[PDB]
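Notes to accompany the following structure.
Number of protein chains: 2
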Amino acid sequence: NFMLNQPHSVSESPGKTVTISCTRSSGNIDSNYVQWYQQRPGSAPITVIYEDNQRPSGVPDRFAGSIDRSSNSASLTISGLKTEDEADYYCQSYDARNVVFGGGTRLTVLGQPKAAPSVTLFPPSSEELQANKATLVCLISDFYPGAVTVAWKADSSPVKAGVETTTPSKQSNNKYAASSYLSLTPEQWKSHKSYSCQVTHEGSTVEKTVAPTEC
Amino acid sequence: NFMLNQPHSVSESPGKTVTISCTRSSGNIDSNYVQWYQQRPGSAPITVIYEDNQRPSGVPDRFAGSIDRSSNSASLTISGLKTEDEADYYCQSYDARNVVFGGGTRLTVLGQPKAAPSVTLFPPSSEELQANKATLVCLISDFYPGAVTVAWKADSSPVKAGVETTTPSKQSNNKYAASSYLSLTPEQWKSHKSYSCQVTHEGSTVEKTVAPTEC
Ligand SMILES: CCN(CC)c1ccc2c(C)c(CCN3C(=O)NC4(CCN(C(=O)c5cnc[nH]5)CC4)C3=O)c(=O)oc2c1
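First to last, the protein sequences are chains A and B. The first sequence maps to residues 1 to 9, 11 to 27, 27A to 27B, 28 to 66, 66A to 66B, 67 to 106, 106A, 107 to 168, 170 to 200, 203 to 214 in PDB author numbering. The second sequence maps to residues 1 to 9, 11 to 27, 27A to 27B, 28 to 66, 66A to 66B, 67 to 106, 106A, 107 to 168, 170 to 200, 203 to 214 in PDB author numbering.
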């Protein structure tokens, strides 16, 4: 029982080389075969690497797998990037009876310039508090590529309960927007000194914080 | 080298049984194990069956896998169809020289009940006003089907500039969420008595109103 940790995203221009790392949390990376899967948006998954570095028939030489024992990491390298390489890439392995997939890496083959998001965090409105709702909204606009990861904190502690995040959406300026909202009760909201919204984009992380007031 | 062929789509009504076939193109279906994965749009896939007919820990017992040796096919059978079962389903087997996936079957669950949206309108945050921004956000959640019209008002008049609405995305309750945001300056925000977000869904309107803080 172990995790495989991949970064959330990578991006490059057509024709360049990109590397996707996959770090095993406990145990040796070399003691079990590592596979790589590609899933293009709205497509079936395809195996691009099995047994660490083996390509199935039809998978071009541009895809290369490797293992690094000292890092305890596997890597998928894609050279001569093409637009059709734009996909989610997952590593998986085993130990004992456990099958383990990594969390996935979104690879974007850049189709326009990179744009860091505007992150605005809204505390509960008066209208919803009178309805025993303390829902928070994290608004994320004007970003590219259209992939983000959102994490919420109550004080310092992570929150998984009550989190919904929209699929990013192309807006009229041709950049992506999304919202994350946290469905709190006024009780939970007033019982903490602050809440935070963490937005990660192109491996850059921004944190916004709000505290209960009165007014 | 073999392939797995699944229907592109199946639609069925709630409480009824649906089958999804997965045909192996060469060799015997019984010579390697078959997995089934479920994928909701937006999310990573989830394992529903391994070793032909085994369910992992989270998975409703309404999900059953089977092997038919004569037709050289695997089947996923979902009894008592729930709207939460609407998703893409992929079968998967092994070729020793590959991990093979089917093309995917899109499962539509028909006659989903209507659900009016929860609407919440947030005035500008303190933090954004300190950075000379007065963006307003209207969270629109828990609605079905997944289309809304959003109109904004300054006092009682239609707003014609600065409105973005995101494409509704299905959330973890299998209902849609979106947010509409209006990018005002501090001046526009305080030059008016109020702003309003008007949401229409299935011929029914909801209108929320907010006004500059008095503190
Ligand atoms: C596109 C690549 N792909 C194939 C469709 C992925 C890509 C990613 C996943 C993930 C994230 C999970 C969910 C998390 N998860 C694991 O990492 N391992 C298991 C552990 C439990 N389990 C088993 O006990 C099992 C036994 N034999 C196979 N699976 C299912 C896999 C799991 O639930 C998963 O179950 O399946 C995945 C499949």
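Using N, Cα and C, we set each Cβ at its ideal position, and we do this for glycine too.
For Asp66A(B), DSSP records a beta bridge to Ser70(B).
Residue pairing by DSSP leaves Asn128(A) without any beta bridge partner. No Cβ-Cβ contact shorter than 8 Å links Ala174(B) with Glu13(A).
Under the three-state reduction of DSSP, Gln6(B) is assigned to coil, being neither helix nor strand. Within 7 Å of the C-beta of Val144(B) there is not a single heavy atom belonging to ligand 1. Neighbours of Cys23(A) across chain B, judged by C-beta separation under 8 Å, do not exist; the nearest C-beta is about 15 Å away. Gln185(A): not part of any beta strand (DSSP E); member of the alpha helix (DSSP H) spanning 183 to 187, first to last residue.
Under the 10 Å beta carbon count, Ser137(A) is surrounded by 16 or more other beta carbons and is classified as buried.
If you check the C-beta of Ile48(A) against ligand 1, you find no heavy atom less than 7 Å away.
Per DSSP, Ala150(B) is one residue of the beta strand (DSSP E) stretching across 145 to 150. In chain order, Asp85, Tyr87 place their CB closer than 6 Å to the CB of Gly101(A), counting only its own chain and leaving out the 5 sequence neighbours on each side. Close to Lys207(B), with beta-carbon spacing below 8 Å, are these residues of chain A in chain order: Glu123. With its beta carbon less than 8 Å from one in chain A, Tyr178(B) belongs to the interface.
The segment 107 to 118 of chain A and the segment 36 to 52 of chain A do not touch, with fewer than three beta-carbon pairs separated by less than 8 Å.
DSSP places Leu104(A) in the uninterrupted beta strand (DSSP E) bounded by 102 to 106.
Identification of residues in the segment 171 to 199 of chain A having a C-beta nearer than 8 Å to some C-beta of chain B yields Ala174, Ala175, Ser176, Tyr178, given in sequence order. Interface with chain B (8 Å Cβ-Cβ cutoff): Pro154(A) is excluded.
Sequence-distant Cβ neighbours of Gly158(A) in its own chain, meaning closer than 7 Å and more than five residues away, are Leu179, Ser180, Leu181.
Sixteen is the threshold: since fewer than 16 other Cβ atoms of the shown chains lie within 10 Å of the Cβ of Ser56(A), the residue is exposed. The C-beta distance from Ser70(B) to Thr162(A) rounds to 38 Å, too long to meet the 8 Å contact threshold. With its beta carbon less than 8 Å from one in chain A, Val96(B) belongs to the interface. Here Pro154(A) is bridged, per DSSP, to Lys149(A). If you compare the alpha carbons of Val58(A), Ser152(A), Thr74(A), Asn27B(A) with that of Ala210(A), the shortest gap goes to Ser152(A). For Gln108(A), no Cβ of chain B is located within less than 8 Å of the residue's own Cβ. With 16 or more other Cβ atoms inside 10 Å of its own Cβ, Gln34(A) counts as buried. Against chain B, a Cβ distance below 9 Å from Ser90(A) picks out nothing, because the smallest value is about 13 Å. For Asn95(A), the enclosing beta strand (DSSP E) begins and ends at 95 to 98.
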